[PDB]
Amino acid sequence: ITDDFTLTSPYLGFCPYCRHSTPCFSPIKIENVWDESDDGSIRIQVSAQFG
Amino acid sequence: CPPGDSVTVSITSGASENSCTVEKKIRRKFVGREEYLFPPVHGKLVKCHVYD
Amino acid sequence: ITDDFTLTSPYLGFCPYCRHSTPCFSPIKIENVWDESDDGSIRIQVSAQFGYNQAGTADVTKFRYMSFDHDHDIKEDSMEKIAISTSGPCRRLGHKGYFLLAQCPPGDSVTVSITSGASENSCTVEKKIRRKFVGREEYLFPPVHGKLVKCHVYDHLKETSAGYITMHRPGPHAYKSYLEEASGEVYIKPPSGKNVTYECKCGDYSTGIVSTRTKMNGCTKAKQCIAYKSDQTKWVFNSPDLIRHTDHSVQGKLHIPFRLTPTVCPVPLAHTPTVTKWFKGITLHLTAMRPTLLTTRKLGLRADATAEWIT
Amino acid sequence: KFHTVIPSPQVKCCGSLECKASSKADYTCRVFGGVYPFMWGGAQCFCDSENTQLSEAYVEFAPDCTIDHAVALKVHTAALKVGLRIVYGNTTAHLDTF
Amino acid sequence: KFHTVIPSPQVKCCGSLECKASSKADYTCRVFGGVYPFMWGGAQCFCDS
Amino acid sequence: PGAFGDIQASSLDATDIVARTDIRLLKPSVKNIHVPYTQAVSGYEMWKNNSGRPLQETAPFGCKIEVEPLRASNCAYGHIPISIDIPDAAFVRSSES
Amino acid sequence: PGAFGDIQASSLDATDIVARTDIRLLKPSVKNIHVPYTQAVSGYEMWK
Amino acid sequence: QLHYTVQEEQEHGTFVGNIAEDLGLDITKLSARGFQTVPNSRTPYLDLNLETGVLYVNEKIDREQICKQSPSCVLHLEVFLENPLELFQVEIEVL
Ligand SMILES: *[C@@H]1O[C@H](CO)[C@@H](O)[C@H](O)[C@H]1NC(C)=O
Ligand SMILES: *[C@@H]1O[C@H](CO)[C@@H](O)[C@H](O)[C@H]1NC(C)=O
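What comes next is a walk through the structure. Within each chain the first residue of the written sequence is number 1 and the count goes on from 1 in that order, possibly differing from the entry; residues lacking coordinates are omitted. Working convention: letters from A go to chains and numbers from 1 go to ligands, in the order in which they are written. A larger assembly contains the chains shown, and all values are computed for the shown part only. Water and hydrogen atoms play no part in the side-chain values, which are based on all heavy atoms of the structure.

Here we take up the overall build of chain A. Secondary structure summary: chain A contains zero helices and four strands in total. Starting at the N terminus, the α and β elements of chain A follow one another as β-β-β-β. Here the C-alpha atoms of chain A give a radius of gyration of 14 Å, more than 25% beyond the 10 Å that 2.2 N^0.38 yields for 51 residues. Principal-axis analysis of the C-alpha atoms places the extent of chain A at approximately 40 × 35 × 15 Å. Considering only intrachain contacts with a sequence separation of at least 6, the fraction spanning at least 24 residues in chain A is 17%. With residues, only the protein chains shown are counted as cover, and all accessible areas are computed by Shrake-Rupley using a 1.4 Å probe. Roughly 3,300 Å² of accessible area belongs to chain A as shown, and the carbon and sulfur atoms make up 53% of that amount. Secondary structure elements follow DSSP: runs of H or I no shorter than four residues count as helices, runs of E no shorter than two count as strands, and numbering proceeds from the N terminus. Throughout, the radius of gyration refers to the C-alpha atoms, and the reference size of a globule is 2.2 Å times the residue count to the power 0.38. Whether two residues are in contact is decided by their heavy atoms, any of which lying within 4.5 Å being enough.

Next up, the structure:
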C-alpha cells in the first residue's frame, strides 16, 4: 500500500465521445462510474490526477 | 446530479477544451417504502448507506 | 440558378409565437424545417439572409437584418448573436443565404433568436424532432466497435445543392405614417427624398409619383389614400405573408444548400446468443441492454416469420 | 412526402377577382370578400370592406426525395438463371447458363 | 456484483505471442494476428502486419 | 387522400405531377394578412410508420434478395434436369483401366 | 452465466474466487489500440 | 487516428502531410475504392487531392479565428473508403 503520490503520473486515454461527437484521444477518459449510494452520489475514475 | 443517460466531464477553460462521456443509466432511488422526491422534515429515521 | 446576393433582400415575416407568446411581425420568421438526415442535423429556413453584409459581399461573420423602421431600409449585425434552440441550446454548424443547419437535442419546438440587447427577438414553430438511429440495434451515441453500414447525412459544404427555390419581384407595402391630416384635407409626407406612389380613390381613382411635396385633393378621410415607397428592385421569396406584385413571375432562382449524401456509418454489435439443443427446436438464451431486433424464418415453403424488439 | 407551397395572396383594392383553372399538382383556389389586411404598416387598402383577396395553394416534391423516394413496380413471369461447376476426371469447369 | 477488469494488451512486433493459462477468476486470453496499433503518436509497431 | 400513392410522377424530375391530398382553404379572421389552410396527413409517412416487415425476412425457401436489378438470388426448390455433351477426348480405354 | 451465483468465493476477500460469466473477446476493427469485449448481464442484479 | 501539425499563417496549396502511403494504400486503387472525405468532418481551410491522397490548405489559416471557434485550437477531418468499408480519422493541430 502507498500514498506517496509523487511517484505516479497521469496518462492519455481514448474516449468514445469527445467535444464534437467523435471518438478521439483525450486526457479526461472516464474509466468507471460507481452508482450504489443512497442519495444519488457518483464515484468517477478519470485518467487525470485531481487535487 | 439529476438522473439522465450519460456522464460527461469537461474542462471549461478556453485555453483547452475537452469532454468525455460514457453512457450510464442513472435513475433516482429512495429508501424503504413511500416513494419520494425530497427527504421530508417530519418522518421516521431509518438506516442508510451513503458515501463519505 | 444564380447565387448573387447583391440582388435579393430579407423581409419581415409574421411569426406565430414571439418572445411575449403573442404573434407579432418578426424579421426572424422560420418557414420550413427538414429533418430527414440520419445524424440528427436539421435545416432551418429563416427570412433573414445569413453570411452576408448589407450590400451582400459574402463575409462569414455578418447577416442582413431587415429592421423595423418608419423608413424602409435594411441593415446588418454580427453573426455571433444567433442562437438555435429546441429543448435547451444547440450548435449552429452552417449558414448560407436564408438557410442554416444545426444539430439539436430531441425536443418539440424549434427556436431561432437574435440575442443582442438592442432589438432582441425570437420565433418558434412546432416540429416533432427526436432522436433516431440506423440499423437494428438501438444506441445512444455511436460505438467504437462494430459493422459499417451506410447512412445518409447532410453535407456541411456550402456550395452543394439538393434543391431549388423561386425568387421573384416584390410587392407594394403601404404605410400609414406617410400621411398627415392636420386640416380637413390630407397631406402626403414622404421620406427624405424618395419616389413615393399613391393610389387614392376618394371620389375617383388617382395615381402619381410624389417626391417630398405635400399634396392635397378633395378628400376628407384620413384612411382613404395609401402610399408606398417605389423601389421594386430587390427580390423576395414567395412567403405567404406578402402582397404579390401585379406581375408575379419568376425572375431568378437560388440554391438550397446542404445536399443529402451517402456516407459510411458505424453501428453496434450485440451479444451472440448461446443455443441449447432439443428435439426439433432451438432455445436461444440471449441478452441485450437496449431494444434489439430478432427475426427468424423457416427455409421451407411456408416461411412463418417472426419479429420482436426484445430489451 | 410532398411539400405544400403557398404563394403570396393576391388582394385587389376595391374591386373583384376570380380564379381560373390551372394544372399544377392539386391546385386549389377560392376567392373571398370583405377583407381589410394589415402589414407592419397597416391599412393595406382604402375602402371599408368592399374588396377581395385571393387564396391559392398546390404541392410538389421535397428537396430530400432524391434519396428518400419509393419506386413502385409491377413484376411478373420471373425466369431463372444458374451458375454451375462441372468437374469430370480431375478437370474442372465453370459455366453460367439459363 | 462483479467487476470486469482488463489489463493492458501486450503487443509483439513480428513474432508469434501465445499466452499461458493462469488461475484467476474466469481467465480468458486470445491472440489476434495482423494488428497495427496506434497511440497518440502513430505506428506503435515497426513491422508491417 | 391519406394513403400510399397520393403523389404520382413519371420520374422525380418530371413535370406531370398529379396529386390529391384534401387541401381546403379557410376564411381568414385576424386583421394581419396571412392565408390559413388545412390538409390531410401525408400518406407516405403514414405508410412508413406501419409498413411491416420487408421481404428480405419473409420470403420462403431462404434466399438473399438483391435490389438494383431486383434479383431473388440463391434459393432452393425443385429439381432441374440438365444434359452434358462430354467431349470424347476426355475418356480412357477399357483396355487401360 | 446470467443468474444468481454468477461469481463465488468462500470468504469475501479470499483468493479462491471461482467464477464464470461468459466473457468473450472480439477482434478490434479500429486502428487505435483497445480491447473490445461482450459479456453476459450481471446475475446478482438481475436477481435483485 | 493520424496527427499532423500545420504551421501558422499558411498560404494556399502548401503541402502538409500525406495519408495514402501512411496506412498502406496504393495510388491507383484510391479512385477504385471510393476515396472521398466524410461530409461531417470537412473543413473549409483544407481541401484534398483525391488521386494521390495529399492534403493541402485551401484558405489562409488564421489562428485567432479557429482558436476561438475551437478553443483547443485544433482541426479535424475524416476520410473513408467503400470497397472494404473502412473509415479513419485525421487530426490537424495548428500551432
Ligand atoms: C425619382 O424619379 C425620377 C423620375 O420620375 C428620377 O429622375 C429620380 O432620380 C428619382 N429619385 C430617386 C431618389 O430615385
Ligand atoms: C488425373 O486423372 C488421370 C486419369 O483420370 C490420372 O492419370 C492422373 O494421375 C490424375 N492426376 C493426378 C494429379 O493424380
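Another point: the interface of chain D and chain C. Across the contact, 27 residues belong to chain D and 34 residues belong to chain C. Each polar contact in these results corresponds to two N or O atoms within 3.5 Å; when the atoms are within protein, one needs to be able to donate a hydrogen and the other to accept it, and residues that are neighboring in sequence are counted only if both atoms are side-chain atoms. Between the two partners, chain D and chain C, sit six residue pairs in polar contact. Note on residue classes: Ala, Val, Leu, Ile, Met, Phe, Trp, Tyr, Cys and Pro are nonpolar, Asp, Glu, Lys and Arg are charged, and everything else, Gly too, is polar. Taken together, the residues of the side of chain D that touches chain C sort by class into 15 nonpolar, seven polar and five charged.

Now for the sheet that holds strand β1 (residues 2-4) of chain H. Residues and elements named next belong to chain H. Paired strands, in this sense, are two strands between which DSSP finds at least two bridges. Across the sheet, four strands lie side by side as β1-β6-β5-β3; this open sheet has mixed pairing. Every interior strand has two partners, whereas the edge strands, β1 and β3 (36-37), have only one. The sheet contact formed by strand β5 (residues 75-81) and strand β6 (residues 86-92) spans seven bridges and is antiparallel. From the neighbouring strand, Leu81 faces β6, where its bridge partner is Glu86.

One speaks of a salt bridge when a side-chain nitrogen belonging to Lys or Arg is within 4 Å of a carboxyl oxygen belonging to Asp or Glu. Following the criterion strictly, the structure yields 24 salt bridges over all chains and no others. The residue C:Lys96 makes a salt bridge to C:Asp3 at a minimum N-O spacing of 2.8 Å. Of this pair, C:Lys96 sits in strand β6 (residues 91-103) while C:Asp3 is found in the segment before β1 (30-34), placing the two residues 93 residues apart along the sequence. One salt bridge in this structure joins H:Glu82 and C:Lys150, with 2.8 Å as the shortest N-O distance. Here H:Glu82 is found in the loop between β5 and β6, whereas its partner C:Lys150 is found in strand β9 (residues 148-154) on a different chain. Burial classes: relative accessible area under 20% of the type maximum marks a residue as buried, over 50% as exposed, and values in between as partly exposed (1.4 Å probe, protein chains only). The exposure class assigned to H:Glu82 is partly exposed, which follows from its relative accessible area of 34%.

It is worth spelling out the pairing of strand β1 (residues 4-12) of chain B at this point. Residue and element names in this part refer to chain B. Judged from the eight bridges that link them, β1 and strand β2 (residues 17-26) form a sheet pairing that is antiparallel. Within β2, the position partnered with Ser10 by the bridge is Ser19. Once β1 ends, the chain turns through four residues before running back antiparallel as β2, passing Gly14 with a positive phi of about 110 degrees.

All names here are of chain C. Relative to strand β8 (residues 121-126), strand β7 (residues 109-114) runs antiparallel, the two being bridged by six bridges. For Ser109, the partnering residue across the bridge sits in β8 and is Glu126. Count of turn residues in the β7/β8 antiparallel hairpin: six residues, of which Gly117 carries a positive phi of about 110 degrees.

To continue, consider the side chain of H:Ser41. With respect to the helices and strands, the residue H:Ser41 is situated in the loop between β3 and β4 (54-55). Among the polar contacts made by the side chain of H:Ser41, one reaches the main-chain amide nitrogen of H:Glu78 at a distance of 2.7 Å.

The pair of protein chains exhibiting the most contacts, out of 15 pairs of chains in contact, is chains C and D. Kept free of each other, chain B and chain D leave a smallest C-alpha distance of 31 Å between them. Chain E makes no contact with chain D, the minimum C-alpha separation between the two being 34 Å.

Looking now at the sheet that holds strand β18 (residues 250-254) of chain C. All names here are of chain C. Taken together, three strands build an open sheet; the order of strands is β17-β10-β18 and the sheet is antiparallel. Edge positions in the open sheet fall to β17 (236-237) and β18, since each of these has one partner strand only. As paired elements, strand β10 (residues 165-168) and β18 share four bridges and run antiparallel to each other. Note that in β18 the partner of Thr166 across the bridge is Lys253.

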